[PDB]
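Summary of the model geometry
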Amino acid sequence: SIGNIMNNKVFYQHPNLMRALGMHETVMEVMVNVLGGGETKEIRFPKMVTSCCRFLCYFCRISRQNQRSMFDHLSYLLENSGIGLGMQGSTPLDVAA
Amino acid sequence: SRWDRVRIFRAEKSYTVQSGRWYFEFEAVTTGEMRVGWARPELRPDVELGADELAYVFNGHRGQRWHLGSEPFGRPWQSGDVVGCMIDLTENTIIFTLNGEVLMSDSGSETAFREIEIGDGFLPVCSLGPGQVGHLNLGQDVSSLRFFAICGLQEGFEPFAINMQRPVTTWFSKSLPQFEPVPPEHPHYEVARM
Amino acid sequence: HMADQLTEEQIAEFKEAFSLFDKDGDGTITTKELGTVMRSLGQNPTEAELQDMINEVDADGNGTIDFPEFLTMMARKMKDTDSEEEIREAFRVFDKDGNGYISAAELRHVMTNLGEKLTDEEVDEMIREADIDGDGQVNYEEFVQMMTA
Amino acid sequence: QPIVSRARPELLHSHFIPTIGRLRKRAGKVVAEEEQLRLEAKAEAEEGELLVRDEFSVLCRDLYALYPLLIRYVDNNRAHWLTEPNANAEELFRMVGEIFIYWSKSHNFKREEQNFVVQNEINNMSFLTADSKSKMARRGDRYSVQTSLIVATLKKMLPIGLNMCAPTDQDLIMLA
Ligand SMILES: [Ca+2]
Ligand SMILES: [Ca+2]
Ligand SMILES: [Ca+2]
Ligand SMILES: [Ca+2]
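Residues numbered from 1 in each chain as written, not as in the entry; some residues may be left out. Chains lettered and ligands numbered in written order. Part of a larger assembly, values for the part shown. Heavy atoms only, no water.

The deposited coordinates, according to the entry record, derive from cryo-EM at 2.45 Å resolution.

What follows is about the overall build of chain D. Within chain D, the regular secondary structure consists of 7 helices and 0 strands. Written out in order from the N terminus, the α and β elements of chain D read α-α-α-α-α-α-α. For the C-alpha atoms alone, the extent of chain D along its principal axes is close to 55 × 40 × 35 Å. Looking at chain D residue by residue over its 176 residues, the buried ones come to 42%. When the 24 basic and 24 acidic side-chain charges of chain D are each reduced to a single mean position, those positions are 7 Å apart. (Helix = DSSP H or I, 4+ residues; strand = E, 2+ residues; numbered from the N terminus. Buried < 20%, exposed > 50% of the residue type's maximum accessible area, 1.4 Å probe, protein only. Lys, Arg positive; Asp, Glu negative; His and termini not counted. Charge placed at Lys NZ, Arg CZ, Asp CG, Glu CD.)

Okay, the environment of D:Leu11 next. When you line up the elements, D:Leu11 lands in helix α1 (residues 10-39). When near neighbours in sequence (up to four residues on either side) are disregarded, D:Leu11 contacts D:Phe16 and D:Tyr73. (Contact = heavy atoms within 4.5 Å.)

With that settled, consider the sheet that holds strand β6 (residues 70-72) of chain B. Residue and element names in this part refer to chain B. One open sheet holds the 7 strands; their spatial order is β6-β5-β4-β3-β11-β1-β14, and the pairing between them is antiparallel. Looking at the sheet topology across the chains shown, the edges are occupied by β6 and β14 (170-172). The sheet shows a mean angle of 20° between the axes of neighbouring strands, direction not considered. (Pairing = 2+ DSSP bridges. Axes fitted to C-alpha atoms, helices over the stretch in contact; angles between N-to-C directions.)

A separate point is the coordination of the calcium ion (ligand 1). All names here are of chain C. Distances from the calcium ion (ligand 1) to its protein donors, namely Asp22 (OD), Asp24 (OD), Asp26 (OD), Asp26 (OD), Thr28 (O), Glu33 (OE) and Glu33 (OE), fall within the range 2.4 to 3.0 Å. Between the donor residues of the calcium ion (ligand 1), the gaps in sequence give the motif D-x1-D-x1-D-x1-T-x4-E. Assessed through its relative accessible area of 22%, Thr28 is described here as partly exposed. (Donors = N, O, S within 2.8 Å, 3.2 Å for Na, K, Ca; no water.)

The next point concerns the interface of chain D and chain B. At the interface, 14 residues of chain D touch 11 residues of chain B. Both faces combined, the contact of chain D with chain B buries some 1,100 Å², and carbon together with sulfur accounts for 55% of it. The largest share of the area that chain D buries against chain B comes from D:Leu82, D:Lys135 and D:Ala137, three residues that together contribute 31% of it. Joining chain D to chain B, the criterion identifies 0 salt bridges. If you look at where chain D meets chain B, you find 0 residue pairs in polar contact. Only α2 (46-83), α5 (126-134) and α6 (149-164) of chain D provide two or more residues apiece to the side of chain D that touches chain B. Sort the elements by how many residues they give to the side of chain D that touches chain B and α2(D) lands first, with 4 residues. Taken together, the residues of the side of chain D that touches chain B break down into 8 nonpolar, 4 polar and 2 charged. (Buried area = accessible area lost by both parts, 1.4 Å probe. Salt bridge = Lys/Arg side-chain N within 4 Å of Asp/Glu carboxyl O. Polar contact = N/O pair within 3.5 Å; in protein donor to acceptor, adjacent residues only side chain to side chain. Nonpolar A, V, L, I, M, F, W, Y, C, P; charged D, E, K, R; others polar.)

Quick reminder: α-helices carry 3.6 residues per turn. Residues three or four places apart thus point the same way. The first and last C-alpha atoms of helix α2 (residues 8-21) of chain C sit 20 Å apart over 14 residues, in line with the 20 Å expected at 1.5 Å per residue. What α2(C) keeps buried is the set C:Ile11, C:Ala12, C:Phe14, C:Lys15 and C:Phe18. Along the axis of α2(C), the buried positions cluster into a sector of 165°, meaning they face one direction only. The exposed set on the far side of α2(C), more than 90 degrees from its buried face, consists of C:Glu9, C:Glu13, C:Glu16 and C:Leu20. Buried residues belonging to α2(C) abut α2 (9-13) of chain A together with β1 (28-29), β2 (65-66) and α5 (67-79) of chain C. (Expected span 1.5 Å × (residues − 1). Arc of directions from axis to C-beta.)

A word on unusual backbone geometry. A positive phi angle is found at A:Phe45, which is not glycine, with a value near 50°. Along the chain, the position of A:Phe45 falls in the loop between α4 (23-36) and α5 (46-62). Judged by its relative accessible area of 55%, A:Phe45 is exposed. The backbone of B:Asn99 sits at a positive phi, close to 55°, despite the residue not being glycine. Within the element layout of this structure, B:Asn99 appears in the loop between β8 (93-98) and β9 (101-102).

All names here are of chain A. Taken together, the side chains of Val10, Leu17 and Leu21 define a hydrophobic patch exposed on the protein surface, amounting to about 250 Å² of accessible area. The residue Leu17 is located in helix α3 (residues 15-20) in this model. The class of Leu17 is partly exposed, set by a relative accessible area of 41%. (Patch = residues over 30% accessible without salt bridge, like charges linked within 9 Å, V, L, I, M, F, W, Y side chains within 5 Å. Areas by Shrake-Rupley, 256 points an atom, 1.4 Å probe, with all protein chains shown as cover.)

Before going further, it helps to examine the interface of chain A and chain C. Contacts between the two partners involve 15 residues from chain A and, on the opposite side, 19 residues from chain C. With both chains or domains summed, chain A and chain C bury close to 1,500 Å², and 54% of this area falls on carbon and sulfur atoms. Summed over the three residues of chain A that lose the most area to chain C, namely A:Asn7, A:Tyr12 and A:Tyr58, the buried surface amounts to 38% of that side. The tally of links between chain A and chain C comes to 4 salt bridges. Notably, a salt bridge pairs A:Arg54 with C:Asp66, separated by 2.7 Å at the nearest N-O pair. Linking chain A with chain C are 11 residue pairs in polar contact, by the criterion used here.

Let us now look at the arrangement of the chains. When the 3 pairs of chains in contact are ranked by number of contacts, first place goes to chains A and C. If you take every C-alpha in chain A and every C-alpha in chain B, the smallest gap between them is 54 Å, and the two do not touch. Taking C-alpha atoms only, the smallest gap left between chain B and chain C, which are not in contact, amounts to 15 Å.

In structure tokens, the structure reads:
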């Protein structure tokens, strides 16, 4: 689903529409639920986590308004970035950066 | 020899001027290698005038001005020509005139040198080459000057010795070798006391 | 950002170009897909350089090129075309007519459009500062070395 | 310019003084019109501002047709005038001085002179260095206020004016 969205021209032509749909909030909530479970001993479904994180990184680079929207969850991303070191690739810390 | 070629004449260091506008004349009896201008009190006797930063002189043999090198300026003089050296320490400029006509460079520059720092001050100076005769007039008698009224009087310049009883004492570079202590800062020679 | 660098039309054109490379439609560009279009253009590269020209833009290192990476490549290409030529457009803003000199009337025209207003006399003050030649016009060479008018 | 080097002193009174006087009164007449326009501000003042610009432009042409000859003549005769005071030389100083005052006060006068030099490619440097080249001796090459003939002629005639004043008048000059 993330790959299809990032393959769609509308996702890049209308960043405001994506922001209105709350797409970044929905992806973030899915990611933290996986990170919330097993937050210290083991992170499972690593491919999903790095797919959501990579999606959010490209989401920020589309426009400054998208980047500002993700900036409002900077503290939310940081508190989930303590165990993100275990996963390699795109991490919640990378999204915050 | 290399040293018995140029004889440098300058006023005594007690006449150093650090302010005001001053004027003096130099008559070229001959037409050979002679330089005239203004020099700092620390002028070195064995160095050609204008070859370093201690003198601002005009070479009338071929029309050059000398300060840290040579560059064309003015025209060569003839026998009997009078060079009027003028320094303006309020505008930091030096003006040379030839028979009352201000000399100019290869441009509209009416001044030979500009933005000269006062520092220690300046002294009238002249150098004569082999077989050269020149007359230096520092203006103790204002009537003796031949072109001061034509160019220099109305500009606010004064003769270098306008109000002086005795003639200005002059020092010359004597080409008699003498033994002197080796300078502690000599560029090439160092003496170590063991 | 992509929105700053690219317009809606450019994004549509890039997507069509990406779909031209991706004949399968899976959303990724493989080496054979990249190699096929190169042969259509005449070049016959080897897989050694073919992989290198993929890794040079492949961000996640999966070995395939997707649309987000393809757009990021084109975004850089549009951005890096202009490096220091920004002064050329600034010169043309003051230079309405199109020649190589900035006139006082032209300087009046831009100053009229801007918020600050001049009393038709101080316009000569800054133009003579910028114009060193003294011809009353500031050329491109005088503008870049020092900008006041 | 080459033939002025042999000019006789009689040309100062016979030719130069009457000619500059005509230019001086023409300059005063134009600036009188210029100040008339500004005292009554109107939307019609623009229609008439161009008229004085044309009058200044033709005036600057006449000045640049005589000053280069006058400048060379002054250089070859300034020494004699300073050595022996001359009533005619002092009169010429007043004429060139008043033209300079008109040039300094009037804004259009400076503008038209600058336009005349650049559009006609007047060197304004050979006119001041020809004597140096005759004797076999960048910044504002297009135009500069320093090399303007209106102010260059005055500076060459300035010692003549200062020669009139006695040294006791220096205090009065500062007060004025
Ligand atoms: Ca494919
Ligand atoms: Ca990829
Ligand atoms: Ca223009
Ligand atoms: Ca210019």
